[PDB]
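One chain is shown next in structure tokens, namely the form deposited in one PDB entry.
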């Protein structure tokens, strides 16, 4: 079904170190309808892994087999015969959103443009990110690590929901062992998740508000001036991120709606999209989950 000729897959270079194995970048022969070749991201499984691990790999991959959204990085077949287990996916040529935002900084430094930022561009990303998340939540899937570093940028600048899931030494401090038991993205977590360690769609929305803050600051780390333990106390007691410098008032208002203390009072991704859909580009209606059937 999704199994594909491993011979029809040629790895080029490396993108990063995955959990089950190194992640490469290459091309696939006939993996997309009406397409000869296709740039893709190759996910592998180090031979130094038993079946207890190998099977787990194809377990989480079968989860994506049910996903089909313009705003979520799509799966493209899988390999697991007479060679190392592999999984193929749509390749996002501009990388993750945090790196992309960060790479814009130098330009903006020596760029002779003293004009406010484009609210229009930020809304496009917001809606694409919110549309991909609405789709995921609709399929009873909670992300648990929504952050700019886990959003991907396409060649055409479209943003899609993914999960970097690779080494990344530059974002290691984005995680903290709240209680030893695993690395958690504490600066992106809601008050309730910081307490019981439970993630829901309500908390994905809180994280969404933080991603909007990341976009407006060109990915500065949330809660400047506070250590991890200080962030914990501050957020759990009702503290909130500050309005970014030169942030369109409308964007911050959206953020604040995402950061209400009472989880049940936060709007859902569908409500978020409904309140900004009239600001979305024309094409949005064509390929978005929101307008779909």
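Positions refer to the first chain, counted from 1. Throughout, rigid core stands for the largest set of C-alpha atoms superposing within 1.5 Å between the two forms.
The same protein has a further form, the form deposited in another entry, not shown here; the description that follows concerns it.
Superposing on the rigid core, do we see a C-alpha displacement of 2 Å or more at residue 68 between the shown form and the other one? Stays below the 2 Å threshold, so no.
Exceeds or equals 2 Å, Cα of residue 54 between the shown form and the other one, core fit: The answer is yes, as the C-alpha of residue 54 shifts between the shown form and the other one by 2 Å or more after core alignment.
So, superposing on the core, is the move of residue 195 at the CA at least 2 angstroms between the shown form and the other one? After core superposition, the displacement of the residue 195 C-alpha between the shown form and the other one stays below 2 Å, so no.
Are residue 19 and residue 100 closer or farther apart at their Cα atoms in that other deposited form than shown, with the shift being 3 Å or more? It is closer: the C-alpha separation of residue 19 and residue 100 falls by at least 3 Å in that other deposited form.
Where do residue 56 and residue 189 end up in that other deposited form, Cα atoms closer or farther than shown, with a change of 3 Å or more? Compared with the form shown here, the C-alpha atoms of residue 56 and residue 189 sit closer together in that other deposited form, by 3 Å or more.
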